Amino acid sequence: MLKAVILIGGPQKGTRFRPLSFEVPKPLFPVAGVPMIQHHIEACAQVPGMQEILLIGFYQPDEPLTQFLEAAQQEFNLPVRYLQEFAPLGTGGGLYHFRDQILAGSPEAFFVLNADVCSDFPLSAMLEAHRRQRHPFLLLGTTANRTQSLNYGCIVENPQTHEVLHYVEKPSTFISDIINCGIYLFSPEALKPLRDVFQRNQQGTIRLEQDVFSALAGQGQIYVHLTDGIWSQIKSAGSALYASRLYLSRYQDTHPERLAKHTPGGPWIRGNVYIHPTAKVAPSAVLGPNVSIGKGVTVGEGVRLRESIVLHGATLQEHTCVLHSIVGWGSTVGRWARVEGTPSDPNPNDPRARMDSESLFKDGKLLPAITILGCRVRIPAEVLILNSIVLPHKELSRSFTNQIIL
Amino acid sequence: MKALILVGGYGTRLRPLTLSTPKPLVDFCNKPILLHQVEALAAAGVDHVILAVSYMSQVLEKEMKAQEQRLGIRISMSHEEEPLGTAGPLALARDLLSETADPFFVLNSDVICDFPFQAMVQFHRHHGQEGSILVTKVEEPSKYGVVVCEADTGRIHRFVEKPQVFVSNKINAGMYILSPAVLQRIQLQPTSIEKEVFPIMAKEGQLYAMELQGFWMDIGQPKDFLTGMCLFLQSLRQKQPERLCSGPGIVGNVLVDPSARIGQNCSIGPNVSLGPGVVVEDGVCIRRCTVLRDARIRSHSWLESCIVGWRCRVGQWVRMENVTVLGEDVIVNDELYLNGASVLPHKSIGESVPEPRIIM
Ligand SMILES: Nc1nc2c(ncn2[C@@H]2O[C@H](COP(=O)(O)OP(=O)(O)O[C@H]3O[C@H](CO)[C@@H](O)[C@H](O)[C@@H]3O)[C@@H](O)[C@H]2O)c(=O)[nH]1
Ligand SMILES: Nc1nc2c(ncn2[C@@H]2O[C@H](COP(=O)(O)OP(=O)(O)O[C@H]3O[C@H](CO)[C@@H](O)[C@H](O)[C@@H]3O)[C@@H](O)[C@H]2O)c(=O)[nH]1
């Protein structure tokens with residue numbers, strides 16, 4: 001028997017590099033059509049013997065989150081619960097504080113998943129290696145660039161026995177190329193070392209990477225399982241769009257009924273495009289690669305959508321072009337209006353480039369990135385929005401370029 | 001009488017448009033700007049107009065000999081082999097118009113305005129002196145030469161060629177009538193008449209001033225070209241309301257050539273001139289823009305205040321603004337955005353130009 005613990009964040013800890021959504025929680029942000037933690041929940045429900053799924057995080061229980069829990073529980077036939085910390089206790093502090101709720105039932109092992117990662121989730125492969133060796137900590141690891149590795153947590157391992165010999169967390173200097181991917185497997189013995197860390201804090205909040213992993217590294221307690229598949233972190237808006245592209249390319253192997261087919265009678269589709277069933281798209285519209293449409297969206301006659309994400313209830317009128325942009329829910333784009341952004345992306349010459357995320361200001365200059373439209377933003381007719389972040393409930397009247405519109 | 005149009009050497013102004021053809025050959029409201037001035041000169045009744053060009057162009061010779069027959073007057077073309085400024089044209093034309101002692105016309109080519117030629121010769125006859133200047137009151141005197149205006153008599157107190165003195169807001173209008181006596185005064189060596197002949201002629205007081213009624217605009221430079229077209233369509237609506245196209249999906253003052261086709265469901269905005277043979281597909285909104293001939297604008301595209309060159313193909317979902325100028329045979333790929341980009345001819349465009357630079 002296994003359960004799985006998903007570490008959804010809190011509202012302050014998100015501190016978005018570009019705010020993908022001002023009004024909905026980050027873990028409920030729809031990446032490639034479904035919410036961000038629904039990918040974790042589905043990949044955990046595929047694993048045999050999964051009894052329960054817990055979400056630990058200090059969001060207050062607004063009705064969107066509880067409504068998502070209502071939907072997911074009856075969708076996957078698993079009990080999905082939300083355990084709220086009383087205060088921000090850090091990455092591993094919330095695991096130790098709720099040890100009675102996780103340990104109840106005596107699971108054989110339990111997964112810990114970061115909410116913000118977008119990955120393959122090879123949980124069965126990690127489970128086979130864990131059933132082979134039964135070691136307390138198992139870490140997913142990926143290969144990264146020498147420059148990009150300073151943003152993640154670097155792992156130096158023994159290559160033969162696959163055991164961590166050294167761990168360091170966002171180092172100033174280059175240490176190793178393998179990076180922690182935020183997916184772990186915890187044996188029930190592994191809540192015993194966490195407790196030890198708690199006593200040293202009395203002489204509350206336990207950071208799992210800095211206090212547990214970076215201290216016990218090399219002592220035979222932490223083992224890394226290397227992996228191959230797709231991995232990205234959903235930190236910013238551009239990385240959310242790139243993660244949505246990764247999931248839409250992954251959908252061909254698992255859910256071919258999710259991607260829109262070519263459909264010569266209906267709207268044109270090139271590349272991988274998710275369209276919701278409730279959304280009504282006009283047949284003259286053509287939707288370019290890596291485009292997600294939400295529920296209740298009325299994409300008009302002649303719209304071009306490329307590399308975008310349209311949240312639920314947005315309406316785009318005739319002849320509009322939307323490139324590299326996140327359209328908030330309920331937002332209206334007038335006719336002949338163009339919403340454009342700049343795809344920072346990842347380097348095409350680098351062998352293992354991991355698409356870094358930057359927090360809105362390079363060196364005191366606003367940098368071009370994905371255009372964000374807030375909820376219920378009315379873009380008027382025949383107007384251009386370029387590289388902009390528009391706050392919610394705002395109706396524009398003129399064209400804006402490289403600006404945060406308050 | 002006779003009339004001298006100063007064509008002259010090719011200018012740096014309007015350069016991406018006039019790399020293929022000369023500057024007086026570009027279609028301005030389906031007509032070259034040679035044609036508008038020689039039209040109103042044919043209405044004036046001058047039997048001989050003369051163009052002073054500083055480099056020979058065979059396609060220009062082709063076009064002038066073609067229009068030569070239907071216009072009904074003889075056209076002589078005198079060639080400056082090395083540029084003598086603008087005063088030197090009269091010095092080379094001195095042996096070409098010295099046979100008659102009758103005041104002649106001189107026009108700049110790049111001006112477009114209402115042409116008051118019979119009132120011009122009446123003003124020149126009544127004032128009786130050698131040089132008569134046409135002037136106009138405008139917005140900004142900082143681009144042109146400023147004059148001083150009188151009472152009923154109209155004798156110019158002083159001429160200034162260059163701005164920043166701000167003595168009046170009146171400017172030179174670019175068309176004058178000159179006598180045969182002042183053509184003695186100008187030598188054959190290179191100088192410029194507007195700067196150096198008028199400045200000593202204004203001291204005695206022979207120069208007089210007459211002010212234009214409507215819609216003077218220089219069109220040598222492309223944003224001046226666009227505002228001159230937009231100002232031309234107003235007075236063209238008042239003078240000829242039958243030439244301007246009216247439609248159910250058309251707003252404002254639109255002139256469309258009858259060879260041109262326009263798809264349905266598309267909104268042609270105010271002050272738009274479509275050249276002969278353009279193919280505008282459906283769902284294309286064009287405002288304040290002139291599209292030259294043979295240019296195909298594909299569907300779902302937006303264009304405000306630009307100039308589209310000859311035999312050009314604008315892609316789908318293309319947004320252009322800020323007087324972007326396209327040359328002859330320019331290809332714009334789909335879903336691009338051009339803002340302020342003057343494009344050289346025969347060049348495909350594969351990247352967005354959001355910031356106003358000239359492209360190769
Ligand atoms: N319950 C709770 N959860 C939290 C808290 N703080 C963060 N989390 C969640 O824990 C996950 C990681 O938290 P971060 O502290 O922001 O880590 P990071 O800078 O994003 O980097 C971590 O993940 C990378 C891959 O995503 C790893 O490469 C890196 O080693 C590190 O573990 C995120 O989903 C965040 O929402 C908290 O105080 N309480
Ligand atoms: N024959 C000949 N004609 C020339 C030459 N250079 C220019 N011209 C003609 O002279 C006219 C004026 O050319 P510009 O160089 O653009 O003059 P400007 O800076 O605009 O100033 C002149 O025109 C203004 C109105 O447009 C006037 O306001 C100002 O006083 C001045 O006369 C143009 O139509 C050009 O064809 C030349 O070398 N030879």
# chains A, B, ... in the order shown; residues from 1 in each chain; ligands from 1
$ interface_residues --of "chain B" --to "chain A" --cutoff "9 Å" --atoms "only C-alpha atoms" --output "PyMOL selection string"
chain B and resi 283-285+300-302+317-319+335
$ residues_around --residues "residue A:169" --least-positions-apart "6" --cutoff "12 Å" --atoms "only C-alpha atoms" --output "list in words"
residues 149, 150, 151, 152, 153, 154, 155, 156, 175, 176, 178, 179, 180, 207, 208, 209, 210, 211, 212, 213, 214, 215 and 217 of chain A
$ select_by_dssp --residues "stretch 166-263 of chain B" --states "helix (DSSP H, G or I)" --output "VMD selection string"
chain B and resid 182 to 185 193 to 204 222 to 239
$ write_last_selection --atoms "N, CA, C and O atoms" --output "short mmCIF file (atom, residue, chain, number, x, y, z; two decimals), in the first residue's frame"
data_model
loop_
_atom_site.label_atom_id
_atom_site.label_comp_id
_atom_site.auth_asym_id
_atom_site.auth_seq_id
_atom_site.Cartn_x
_atom_site.Cartn_y
_atom_site.Cartn_z
N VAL B 182 14.64 88.46 -64.58
CA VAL B 182 15.37 87.84 -63.49
C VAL B 182 16.25 86.70 -64.00
O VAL B 182 17.26 86.36 -63.37
N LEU B 183 15.94 86.15 -65.18
CA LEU B 183 16.73 85.05 -65.71
C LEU B 183 18.05 85.54 -66.29
O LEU B 183 18.98 84.75 -66.45
N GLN B 184 18.16 86.85 -66.54
CA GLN B 184 19.46 87.48 -66.73
C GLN B 184 20.31 87.39 -65.47
O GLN B 184 21.52 87.11 -65.55
N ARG B 185 19.70 87.61 -64.30
CA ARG B 185 20.45 87.77 -63.05
C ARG B 185 21.12 86.48 -62.60
O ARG B 185 22.19 86.52 -61.98
N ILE B 193 18.16 78.70 -56.15
CA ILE B 193 17.41 79.92 -56.44
C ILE B 193 16.63 80.39 -55.22
O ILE B 193 16.61 81.58 -54.89
N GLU B 194 16.01 79.45 -54.52
CA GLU B 194 15.22 79.69 -53.32
C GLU B 194 16.04 80.28 -52.18
O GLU B 194 15.51 81.07 -51.39
N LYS B 195 17.32 79.94 -52.09
CA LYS B 195 18.19 80.42 -51.03
C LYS B 195 18.97 81.66 -51.41
O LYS B 195 19.22 82.52 -50.55
N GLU B 196 19.36 81.80 -52.67
CA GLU B 196 20.40 82.75 -52.98
C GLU B 196 19.98 83.77 -54.04
O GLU B 196 20.54 84.86 -54.07
N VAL B 197 18.99 83.46 -54.87
CA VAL B 197 18.47 84.45 -55.81
C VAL B 197 17.37 85.28 -55.17
O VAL B 197 17.33 86.51 -55.29
N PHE B 198 16.46 84.61 -54.44
CA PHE B 198 15.32 85.25 -53.79
C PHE B 198 15.81 86.14 -52.67
O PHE B 198 15.20 87.18 -52.39
N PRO B 199 16.93 85.80 -52.04
CA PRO B 199 17.43 86.62 -50.93
C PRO B 199 18.01 87.95 -51.36
O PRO B 199 18.00 88.89 -50.55
N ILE B 200 18.51 88.10 -52.59
CA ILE B 200 18.92 89.43 -53.03
C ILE B 200 17.79 90.08 -53.80
O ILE B 200 17.73 91.32 -53.89
N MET B 201 16.85 89.29 -54.32
CA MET B 201 15.71 89.87 -55.03
C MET B 201 14.69 90.47 -54.06
O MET B 201 13.91 91.34 -54.45
N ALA B 202 14.68 90.01 -52.81
CA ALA B 202 13.74 90.54 -51.83
C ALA B 202 14.19 91.87 -51.23
O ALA B 202 13.42 92.49 -50.49
N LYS B 203 15.40 92.32 -51.54
CA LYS B 203 15.93 93.52 -50.90
C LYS B 203 15.35 94.76 -51.55
O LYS B 203 14.96 95.72 -50.87
N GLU B 204 15.27 94.75 -52.88
CA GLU B 204 14.66 95.85 -53.61
C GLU B 204 13.14 95.85 -53.46
O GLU B 204 12.52 96.92 -53.49
N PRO B 222 7.90 60.29 -46.84
CA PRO B 222 6.75 59.36 -46.84
C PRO B 222 5.65 59.66 -45.84
O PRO B 222 4.48 59.39 -46.12
N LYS B 223 5.96 60.23 -44.68
CA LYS B 223 4.86 60.55 -43.78
C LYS B 223 4.16 61.83 -44.22
O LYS B 223 2.93 61.95 -44.07
N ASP B 224 4.90 62.74 -44.86
CA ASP B 224 4.29 63.83 -45.61
C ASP B 224 3.47 63.32 -46.79
O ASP B 224 2.44 63.91 -47.13
N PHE B 225 3.92 62.24 -47.44
CA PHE B 225 3.16 61.62 -48.53
C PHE B 225 1.81 61.13 -48.03
O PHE B 225 0.78 61.35 -48.68
N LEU B 226 1.80 60.47 -46.87
CA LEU B 226 0.55 59.94 -46.36
C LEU B 226 -0.39 61.04 -45.90
O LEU B 226 -1.60 60.98 -46.17
N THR B 227 0.13 62.08 -45.24
CA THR B 227 -0.78 63.16 -44.85
C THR B 227 -1.21 63.98 -46.05
O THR B 227 -2.31 64.54 -46.05
N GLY B 228 -0.41 64.00 -47.12
CA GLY B 228 -0.83 64.71 -48.32
C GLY B 228 -1.92 63.97 -49.06
O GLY B 228 -2.83 64.59 -49.61
N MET B 229 -1.86 62.64 -49.06
CA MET B 229 -2.95 61.85 -49.62
C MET B 229 -4.23 62.02 -48.81
O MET B 229 -5.32 62.18 -49.37
N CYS B 230 -4.10 61.98 -47.48
CA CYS B 230 -5.26 62.13 -46.61
C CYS B 230 -5.88 63.52 -46.73
O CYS B 230 -7.10 63.67 -46.61
N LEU B 231 -5.06 64.54 -46.99
CA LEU B 231 -5.57 65.89 -47.23
C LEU B 231 -6.09 66.06 -48.65
O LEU B 231 -6.96 66.90 -48.89
N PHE B 232 -5.58 65.28 -49.60
CA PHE B 232 -6.08 65.32 -50.97
C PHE B 232 -7.48 64.72 -51.06
O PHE B 232 -8.30 65.19 -51.85
N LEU B 233 -7.75 63.68 -50.28
CA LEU B 233 -9.04 63.01 -50.39
C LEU B 233 -10.19 63.87 -49.87
O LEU B 233 -11.32 63.72 -50.34
N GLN B 234 -9.91 64.79 -48.94
CA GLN B 234 -10.93 65.70 -48.42
C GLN B 234 -11.44 66.63 -49.51
O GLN B 234 -12.65 66.68 -49.81
N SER B 235 -10.53 67.37 -50.14
CA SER B 235 -10.87 68.25 -51.24
C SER B 235 -11.31 67.49 -52.48
O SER B 235 -12.07 68.04 -53.28
N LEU B 236 -10.87 66.24 -52.66
CA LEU B 236 -11.39 65.44 -53.75
C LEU B 236 -12.83 65.02 -53.49
O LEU B 236 -13.61 64.90 -54.44
N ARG B 237 -13.20 64.79 -52.23
CA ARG B 237 -14.59 64.53 -51.89
C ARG B 237 -15.45 65.75 -52.16
O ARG B 237 -16.57 65.63 -52.67
N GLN B 238 -14.94 66.94 -51.82
CA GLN B 238 -15.72 68.15 -52.06
C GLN B 238 -15.83 68.47 -53.55
O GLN B 238 -16.89 68.89 -54.03
N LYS B 239 -14.75 68.26 -54.31
CA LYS B 239 -14.76 68.60 -55.73
C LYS B 239 -15.43 67.52 -56.56
O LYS B 239 -16.29 67.81 -57.40
#
$ residues_around --residues "residue A:266" --least-positions-apart "5" --cutoff "9 Å" --atoms "only C-alpha atoms" --output "list in words"
residues 281, 282, 283, 284 and 285 of chain A
$ write_last_selection --atoms "N, CA and C atoms" --output "PDB file, in the first residue's frame"
ATOM      1  N   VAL A 281     -15.440  26.695 -31.384  1.00  0.00           N
ATOM      2  CA  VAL A 281     -14.473  27.343 -32.255  1.00  0.00           C
ATOM      3  C   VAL A 281     -15.065  27.396 -33.652  1.00  0.00           C
ATOM      4  N   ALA A 282     -15.012  28.566 -34.276  1.00  0.00           N
ATOM      5  CA  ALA A 282     -15.535  28.726 -35.621  1.00  0.00           C
ATOM      6  C   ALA A 282     -14.667  27.962 -36.621  1.00  0.00           C
ATOM      7  N   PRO A 283     -15.260  27.456 -37.711  1.00  0.00           N
ATOM      8  CA  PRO A 283     -14.489  26.599 -38.630  1.00  0.00           C
ATOM      9  C   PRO A 283     -13.469  27.337 -39.473  1.00  0.00           C
ATOM     10  N   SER A 284     -13.514  28.665 -39.530  1.00  0.00           N
ATOM     11  CA  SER A 284     -12.491  29.411 -40.244  1.00  0.00           C
ATOM     12  C   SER A 284     -11.268  29.682 -39.389  1.00  0.00           C
ATOM     13  N   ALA A 285     -11.372  29.472 -38.081  1.00  0.00           N
ATOM     14  CA  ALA A 285     -10.249  29.680 -37.182  1.00  0.00           C
ATOM     15  C   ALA A 285      -9.204  28.603 -37.384  1.00  0.00           C
TER      16      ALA A 285
END
$ residues_around --residues "stretch 16-29 of chain A" --least-positions-apart "5" --cutoff "7 Å" --atoms "only C-alpha atoms" --output "PyMOL selection string"
chain A and resi 8+35-37+115+235-237+358-360+372+374
$ write_last_selection --atoms "N, CA and C atoms" --output "PDB file, in the first residue's frame"
ATOM      1  N   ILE A   8       1.789  21.167  -2.456  1.00  0.00           N
ATOM      2  CA  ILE A   8       1.364  22.417  -3.056  1.00  0.00           C
ATOM      3  C   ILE A   8       1.836  23.556  -2.169  1.00  0.00           C
ATOM      4  N   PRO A  35      -5.743  21.051 -14.691  1.00  0.00           N
ATOM      5  CA  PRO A  35      -4.938  21.731 -13.671  1.00  0.00           C
ATOM      6  C   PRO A  35      -3.595  21.070 -13.417  1.00  0.00           C
ATOM      7  N   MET A  36      -2.705  21.841 -12.790  1.00  0.00           N
ATOM      8  CA  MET A  36      -1.298  21.469 -12.731  1.00  0.00           C
ATOM      9  C   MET A  36      -1.070  20.265 -11.837  1.00  0.00           C
ATOM     10  N   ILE A  37      -1.804  20.157 -10.726  1.00  0.00           N
ATOM     11  CA  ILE A  37      -1.647  18.980  -9.881  1.00  0.00           C
ATOM     12  C   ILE A  37      -2.501  17.811 -10.335  1.00  0.00           C
ATOM     13  N   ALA A 115       4.663  20.353  -6.346  1.00  0.00           N
ATOM     14  CA  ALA A 115       3.511  20.643  -7.183  1.00  0.00           C
ATOM     15  C   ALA A 115       3.904  21.320  -8.477  1.00  0.00           C
ATOM     16  N   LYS A 235       7.697  27.520 -12.996  1.00  0.00           N
ATOM     17  CA  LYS A 235       7.960  28.623 -12.088  1.00  0.00           C
ATOM     18  C   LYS A 235       7.299  29.904 -12.557  1.00  0.00           C
ATOM     19  N   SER A 236       7.422  30.211 -13.837  1.00  0.00           N
ATOM     20  CA  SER A 236       6.957  31.457 -14.416  1.00  0.00           C
ATOM     21  C   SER A 236       5.874  31.174 -15.436  1.00  0.00           C
ATOM     22  N   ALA A 237       5.503  32.217 -16.167  1.00  0.00           N
ATOM     23  CA  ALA A 237       4.509  32.066 -17.217  1.00  0.00           C
ATOM     24  C   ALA A 237       5.094  31.384 -18.437  1.00  0.00           C
ATOM     25  N   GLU A 358      13.182  33.822 -15.352  1.00  0.00           N
ATOM     26  CA  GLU A 358      13.789  35.041 -14.841  1.00  0.00           C
ATOM     27  C   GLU A 358      12.680  35.926 -14.286  1.00  0.00           C
ATOM     28  N   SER A 359      12.976  36.662 -13.217  1.00  0.00           N
ATOM     29  CA  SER A 359      11.921  37.317 -12.437  1.00  0.00           C
ATOM     30  C   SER A 359      11.746  38.769 -12.873  1.00  0.00           C
ATOM     31  N   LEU A 360      11.177  38.918 -14.069  1.00  0.00           N
ATOM     32  CA  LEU A 360      10.491  40.118 -14.539  1.00  0.00           C
ATOM     33  C   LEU A 360      11.383  41.319 -14.819  1.00  0.00           C
ATOM     34  N   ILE A 372       0.669  38.405 -20.420  1.00  0.00           N
ATOM     35  CA  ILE A 372      -0.334  37.919 -19.487  1.00  0.00           C
ATOM     36  C   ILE A 372      -1.512  38.866 -19.539  1.00  0.00           C
ATOM     37  N   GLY A 374      -5.045  39.513 -17.472  1.00  0.00           N
ATOM     38  CA  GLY A 374      -5.700  39.137 -16.245  1.00  0.00           C
ATOM     39  C   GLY A 374      -7.118  38.689 -16.484  1.00  0.00           C
TER      40      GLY A 374
END
$ select_by_dssp --residues "stretch 76-256 of chain B" --states "strand (DSSP E or B)" --output "number ranges by chain"
B: 76-79, 104-108, 111-112, 132-137, 147, 155, 159, 170-178, 208-211, 217-218, 245, 250, 254-256
